[PDB]
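Chemist: I am attaching a structure below and will ask some questions about it afterwards.
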Amino acid sequence: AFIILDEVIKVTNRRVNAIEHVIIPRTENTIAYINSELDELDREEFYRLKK
Amino acid sequence: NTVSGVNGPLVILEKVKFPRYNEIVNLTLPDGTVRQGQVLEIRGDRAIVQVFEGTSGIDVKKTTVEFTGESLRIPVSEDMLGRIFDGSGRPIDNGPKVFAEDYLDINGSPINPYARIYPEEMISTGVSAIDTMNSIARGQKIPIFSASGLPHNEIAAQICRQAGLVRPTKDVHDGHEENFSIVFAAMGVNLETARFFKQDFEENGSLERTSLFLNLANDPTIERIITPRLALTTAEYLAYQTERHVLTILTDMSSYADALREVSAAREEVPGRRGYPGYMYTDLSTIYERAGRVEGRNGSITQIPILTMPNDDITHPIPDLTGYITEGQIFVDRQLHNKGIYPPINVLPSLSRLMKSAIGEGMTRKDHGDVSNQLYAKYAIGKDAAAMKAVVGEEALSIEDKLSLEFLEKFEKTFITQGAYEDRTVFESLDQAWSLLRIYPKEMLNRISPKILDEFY
Amino acid sequence: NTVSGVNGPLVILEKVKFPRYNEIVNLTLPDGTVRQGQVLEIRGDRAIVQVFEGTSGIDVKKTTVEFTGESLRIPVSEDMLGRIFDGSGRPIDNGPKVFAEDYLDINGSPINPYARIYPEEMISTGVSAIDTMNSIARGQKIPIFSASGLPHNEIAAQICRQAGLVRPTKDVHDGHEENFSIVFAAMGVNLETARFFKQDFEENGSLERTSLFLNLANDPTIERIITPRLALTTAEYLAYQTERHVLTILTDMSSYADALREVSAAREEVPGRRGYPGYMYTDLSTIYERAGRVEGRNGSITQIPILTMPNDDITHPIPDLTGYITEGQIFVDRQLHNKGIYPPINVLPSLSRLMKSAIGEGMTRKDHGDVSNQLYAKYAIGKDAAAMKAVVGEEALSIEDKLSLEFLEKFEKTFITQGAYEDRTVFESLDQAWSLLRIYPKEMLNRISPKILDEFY
Amino acid sequence: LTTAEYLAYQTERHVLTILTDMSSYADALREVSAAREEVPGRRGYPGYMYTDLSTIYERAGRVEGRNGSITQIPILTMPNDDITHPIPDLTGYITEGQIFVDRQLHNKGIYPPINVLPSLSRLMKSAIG
Amino acid sequence: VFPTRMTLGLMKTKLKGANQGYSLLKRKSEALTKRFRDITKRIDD
Amino acid sequence: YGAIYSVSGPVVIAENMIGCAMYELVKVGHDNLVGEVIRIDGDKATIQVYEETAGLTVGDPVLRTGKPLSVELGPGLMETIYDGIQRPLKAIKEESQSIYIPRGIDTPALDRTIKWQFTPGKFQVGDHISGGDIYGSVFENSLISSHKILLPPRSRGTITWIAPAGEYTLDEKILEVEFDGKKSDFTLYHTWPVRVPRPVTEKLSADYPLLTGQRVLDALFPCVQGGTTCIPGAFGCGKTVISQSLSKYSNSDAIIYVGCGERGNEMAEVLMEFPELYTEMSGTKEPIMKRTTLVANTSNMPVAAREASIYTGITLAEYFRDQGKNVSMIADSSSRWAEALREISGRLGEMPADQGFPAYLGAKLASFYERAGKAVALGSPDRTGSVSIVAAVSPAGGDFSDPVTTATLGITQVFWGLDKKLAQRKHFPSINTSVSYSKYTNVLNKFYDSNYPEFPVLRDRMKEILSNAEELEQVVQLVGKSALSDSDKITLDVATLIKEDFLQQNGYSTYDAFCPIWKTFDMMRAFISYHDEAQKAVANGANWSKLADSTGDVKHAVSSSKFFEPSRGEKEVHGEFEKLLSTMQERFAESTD
Amino acid sequence: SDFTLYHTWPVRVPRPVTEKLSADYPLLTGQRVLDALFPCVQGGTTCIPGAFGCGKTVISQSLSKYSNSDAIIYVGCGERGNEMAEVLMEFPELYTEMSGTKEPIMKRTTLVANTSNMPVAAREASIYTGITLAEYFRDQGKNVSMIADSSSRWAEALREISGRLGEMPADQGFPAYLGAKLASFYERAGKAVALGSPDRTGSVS
């Protein structure tokens, strides 16, 4: 059982670190760039119409 | 002068410049139909009015205008409790007038009759979850933020009706010895939903304690913004002059955001992001100005606004700005609602910025602040622990977390689940709290003094 | 009188009130050259025109104007096919001389044909991914959504090339014994692409059967959009008056859209939502006006417009407004392209909601609806599983998911891989769909009624 | 710039210009755009943001006699900390390269915290002999 | 590249997914690592 | 009167126009096109013309008729397919040789040469009358009289003349009332402005459930009558197919089906399909069609035409409610009404305020839903009517928090989900359990409770199973299946049964796609009786795998519930389902031991 | 002209000095971690995160208490109004850490306390009025601690004014003038030698 545990801990550790480094900050970078574009559309629309 | 034109909601009148601002005008139609409005703008031989009822059906040479000579005010009295009004302050009684003793202007008051004094006395909503974890205090505003995955009006009704059943429980405790009153404002409510609120007050006996001002979904956007201003002035009279604590319930703030966004703060002018004005803040702030502790020092107006989050969003302007002015919030969620939890209130994303410090001691025990630390902590740990149970099982699950797994369940099913017309006093609420913590030993309630814990466990 | 101004390509003429709406004006320039123009608007003692021809040659007051007296109408005749036209009507073969038997409004306000008979018999393409999944019926407007960064023009050319082998496929199905015509409308299309298109029709032998209206983007914007409108009207002549079947291929819808934004910038109209107009919808509906089965209930005009997603999304104004007017959509993927599967169609967000009605018996099976349902569900799971393989690992995966991974590969490389000249019958395409489906036993398939399942498994 | 090209011209001098901060200058342009009858383009900044920046960058290079020059190191602080924000993106296109400073380095106590992961200068085989 | 309008609802839920995943798998890890230490000591003896 | 100042778009502006209201009917140009003056800016009136301009000249005269734009509510409404302001489409096919008339034609609102049967009411000579009173009827359904001819609101007095029973024309008198002098003579029809509501004596809460028939709709929360409802879309969710299914299954007196700005192919679909469909109670001639009055408007018709659509349809529903009839109004798509409000906004060239949408957008929506509702009929006899609105939505702003969807979800009282991805994969109509609420549930369930069903108790547990399933779904994705306990597997496993049987809906009406509310309770009763047994076994010891083998036969039956019909067991529920409850118990005892 | 015991100075005009110095002088807070780990400066600019009543108002009240600066100017830019009430009441009961008397902390504090409900003029003028007052105290030879709560609110006062008037605001719906206004405000504060022949040293933090 100890040997199977030995194997499984290595896999499971890889995964916690993998979600942490690659996924979460990719998700931050994307969400911000499209939020700022999206907001820009609503405000510029008003500005062109008002002018 | 006659009507020049109407372009959308906004009406152009060519009429002369001699009317003052806030001045009521009467639209005299040839159809036997008189409609009233308030000047949005008064200009040089033209005025722009938005009409309280309708916007179309007027002519440009068969509809003529007259100026009343009297600005937008509410006849304020204390005979207004037990009486049904609309969104101009006209009755929908089908009987006697409003009655006055003063005429008060509705704009956030002409004189501002409020002082700033820190809250010090508990206000109770008759539900354990709100009162223990995120307490309400005299002159403090904590909104209920709910979503369109909830029956948000129906929850809103439970808060409101259970209020003022609290007042005899507080009376034995000696926290309130002066009367309770309810001022209810419906903005953008349905005919059927409106009916439910009213019937719930009759049943409880809380009809006598409330005045209802009604704005219907089919009445103009300008009618809708007039509606809460009527309710707060009426509250301000009760509060200042006869020393009552008055709890004012404004549902739905979301409709209120909609009326402003649409016109009357976006008439032709440029609004901020997502079509919701940047001075939508300034408007919210008017409502908050007429709320608070008032001269007398047994008089205050305590406010529970209800805001319904469009899709549960945390990047939309509506909950965020409103949320800065108010001192915390109660967050409701969809998750509890599905499970069959009623009312489905979670206290983890929720915050009350000042818990013990806001409220008093004398009608609430001293243990309230301490107990809230323990209930909050366990509840947090408890969400995490359930997710862990699902994976790990119970053959390798942690002991601390095993008790917290069971704790998550009880916190929902008895402290958050209550009846429709079940009312519970604050003392009682505190006792239940300890019962849930009673399962843990002392060594897993280590964030509390042994003197308090030894008494309360 | 004379030009008041010119702002961009649009011209303001200060002239008298005898021109009608969409009435042609003939601009007389002192260069010895006439250009033609169409009134976008007529307004008091002025007209707003955008000139169809040229873009300079203008003068401030050395200009002279004269009104043509005739509003834009198409000369439509019995023979229009086997001829090359331009929408501007320039001679490149034919264009100004094209015969005439009627003059018809582009607006299509007199005849306006509209289904009142259900989308009747099947229309063949010989592509399994079109016919099986979405299915096409006479009178249908189902769009091909393609992308930029991938050649949208190439996917239009494969549809063109296999088109007209289609009429034999229908002949076989029976109850179709009438002529086939292609009406090809080009707007914003490159000179090199134009030649390609000419080539596709030619190779099949449908050149004789097709009418071409050609515009390029160096012709003024207003002209570009009128060019397909003139072509649909010509199609309408064939369809209604001589009871023929017309398939009209309208490319490029983005190009139609590009024009709309540019036009209006100091008129009563002004560009709205997201920099693309608020009346963009109407413009798409004018193209949809002349679509459906015609009156008398033989013949049909069927329409497959060609649309390009510019960033590969449905939330962008061009795909978003359109898909609503359409009754489903067909989705083209970049990822199958890069691998080298041609024609590359992912079926995941592809549905046509009149599939049930479109299909019938005697030319399509009863299993047909059922068959599409099965492919989506497995194809969808397979995709979802491939993503989890990537992050967490194969500890999440299960045996069922292996069937699914295996099923994605078989679907992509067999169903979606076929020729640009390799046409099929509908019966074959359903027979190949089955082949893929054989790998799940009967008990894991539940997107078909079990009654049907026992027959065809 | 006028000061720097005059020394450079007249008595054939290399002048190095340290122009801090580029966004502070952007900021002012932004206020006399709101005040103008101009509409602001990319992200609330001027739609003529190019013409501004370009005026600075035309003046840089060798000036007559080819022993005088003006050499530039402009300094930009990222207002939102992004390299998608318009200011760095135009600025980077008009200039020849960039030098990147990375926050993670600075905190660690490296000096200078010059992270060379995107730091590249176009003239590299055209700046040497 | 990334969508022009409204990736945000999706990306919100992607953000949520990621974050829950990290917490749970770190708990699963935490239980395996905790048990393993105890088993390591039993084994040496 | 006026002179045409501009023709711009399909919008016409005309000068020398004063003394005109904002509801006034106006005829535009010397071709006399149908129009209405929506707004006025100065001497210049802004007029939307509900036919197109393809040769409308400037300086042609514009004649105000001296009265508002109304629609006729009268005889001939049912068994007929109409346009946005109502003119017989059927007459137009034949005469005009085109589906809707050329620009510059005007055809009368009803058939004028058709004669109808008048019956006199309960208001004779010298009896007093008021609006919403029944002065008579016409017959427009076989088994019933579906149309009560009522006095318009603000019509009163005492009757000088009641016409006796017989055939009259609709333009000829059958009633005279005397009030302030002669008030008028009245005809079989009445005109009422359609942008304007038809009054109610009073509203009384929705509390009468009446079928939707769809398996999912009935299940999560009860069906409702007099309610208000939002159902998502994307115009690729089988929105037309459930609409046709919805018409047949509702057993209401009257139905108004409104195609707001639809394909034309969709309008063909319904016009053709309706007469083939058999009415469930007892048929009529061309059964479903005869009980439906259709406003069928395409999108390819001008923007003016699409805005009058939603309005005229609700006005036919509000008359019917006042008549003493429970009405189902099915509107598809309310987002296309909102799309139209945008188009008029672009054409008028007004500034937005609602994310690329006009100022009036939020208010117009809110007003529509209030006209709908359960009420005690307008009139002195007092009858019961209700209008239940089923409204389709779809995005229209490129956002998931879009102005159409947000303002409508507020004013609605039942919200039942629907996901585009499930619907394509075959699970239409689809439903999202965490993005749904219904306020009417509490009273309605209690209604089903008293009639026989144990209904309240079941409803809460169905959602509960599905809630836990979402939580499980994330763990299942990530860790896998190899970590969940026996209890958790079941939760997913019973969830499968519900997903299979309720969310999927096989056919138009084939495979017994029609489930009555009582059958639905029985379908649910079988799954939750199974869940509680299933939960006890694992807890009392029995592996997930072992429990699945041993359940066997009773599990296949509950899986097979949807093909079965209740009309061969009792008449509304199955003898087969009663037998199923005994079989469950027996199985369980063997399997546990 | 004639002079009085008070003098007027325009709110957006900062008071002048002979020259400004680089501060090297700390705050007199005496908060141990504050002093040792990331040393307090007086004549500095400092940004502190908040979210309201999750600690941020608490620290501002702590800062007031432990401090014993010559003057302290307390600015509520646009706060909740429970918080403004709290600042007023606690301070005269509190004790100065230099061991002075006469309503201790309150005696050294001058309070510009605007809740967000109170007019928008008063909100915008609030920081301005505080900096000019503070700067004058810098000319008097007094070391001032300037506490502002909160600049997020303050940016909002500006955005409101901008939309009403019908001018275009810029990035994130917040105005064009914003950045120059934030920037001027932090750079105004700092250690200087006062204008005139005596040359007394003050600071504004």
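Residues 208-283, 738-866, in that order, are what chain G shows, numbered as in Swiss-Prot.
Keep in mind that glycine also has a Cβ here, set from the backbone N, Cα and C atoms.
Sharing the feature lines straight out of Swiss-Prot:
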type	residues	note
BINDING	G:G257, G:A258, G:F259, G:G260, G:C261, G:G262, G:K263, G:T264	ATP binding site
MOD_RES	G:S858	phosphoserine
Chemist: Could you say which of the binding-site residues G:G257, G:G260, G:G262 has its Cβ with the most other Cβ atoms inside 10 Å?
Modeler: G:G260
Chemist: Quick one: pull the CA-CA distance for G:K263 (ATP binding site) versus G:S858 (phosphoserine), whole Å only.
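Modeler: Counting only the Cα atoms, the answer is 41 Å.
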Chemist: Would you count the other CB atoms within 10 A of the CB of G:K263 (ATP binding site), including those on all shown protein chains?
Modeler: 15
Chemist: For G:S858 (phosphoserine), just count the other CB atoms lying within 10 A of its CB, please.
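Modeler: Result for G:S858 (phosphoserine): 5 other Cβ atoms within 10 Å.
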Chemist: If you measure G:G257 (ATP binding site) to G:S858 (phosphoserine) at Cα, how many Å is it?
Modeler: 43
Chemist: According to DSSP, folded down to helix, strand and coil, what is G:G257 (ATP binding site)?
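Modeler: Assignment for G:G257 (ATP binding site) reads coil.
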Chemist: Cα of G:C261 (ATP binding site) to Cα of G:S858 (phosphoserine): how many Å, rounded?
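Modeler: With the alpha carbons as reference points, the distance is 47 Å.
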Chemist: Taking the Cβ of G:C261 (ATP binding site) as centre, how many other Cβ atoms lie within 10 Å?
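Modeler: That number is 12.
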Chemist: Among the binding-site residues G:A258, G:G260, G:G262, G:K263, say which ones reach under 8 Å of chain B by Cβ distance, listed as they appear in sequence.
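Modeler: Cβ contacts with B, in sequence order: G:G260.
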Chemist: Can you give me the Cα-Cα distance between the residue listed as 'phosphoserine' and G:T264 (ATP binding site) in Å, rounded to a whole number?
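Modeler: Roughly 40 Å, rounded to the nearest whole number.
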Chemist: Report, as a single number, how many Cβ atoms besides its own are within 10 Å of the Cβ of G:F259 (ATP binding site).
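Modeler: For G:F259 (ATP binding site), the 10 Å Cβ neighbour count is 22.
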Chemist: Three-state secondary structure of G:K263 (ATP binding site) from DSSP?
Modeler: helix
Chemist: For G:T264 (ATP binding site), list the number of other Cβ atoms lying within 10 Å of its Cβ atom.
Modeler: 23
